[PDB]
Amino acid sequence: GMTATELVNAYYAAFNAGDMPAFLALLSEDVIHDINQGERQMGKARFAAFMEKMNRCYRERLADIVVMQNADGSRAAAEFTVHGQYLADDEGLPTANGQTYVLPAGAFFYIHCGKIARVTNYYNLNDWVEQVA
């Protein structure tokens, strides 16, 4: 019975708290995940693997979260500020040494049957690389 706004708020609450069971529970089994400047990854197993890797390499807190939805709650969007620390080398990227970064980001969502069926992530990758390189 959650609204789209509530669902997306719960997504980010779980993200911020590092509560992976709560986070993954909100996603459909066939969730589409559009990685910023990267590949479309399909399915919850791949999303769980993505989060495992992200948790190996980064810690992030999202601030200033603004969540919006369409009237029927099938579509949503969020804009926020990422506060992060780069903890361990991620593949294909600059070396990690604990550096901090701060940058705006956003996401778009498709919601169906009360689950998040698509997450599309956006941010300026060039800005992030400049901050950590």
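When you see a residue number, it is the position in the sequence shown, counting from 1.
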| task | Between 39-47 and 74-82, point out the one with the higher average CA B-factor as the PDB entry records it. | result | 39-47
| Taking only the CA atoms, which stretch has the higher mean B-factor in the record, 55-63 or 92-100? | 92-100
| task | Relative to the other modelled residues of the same chain, rank the CA B-factor of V8 and answer lowest, middle or highest third. | result | lowest
| Should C113 be placed in the lowest, middle or highest third of its chain by the C-alpha B factor in the entry? | highest
| note | Tertile call for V119 (CA temperature factor, within chain, third-based) is the lowest
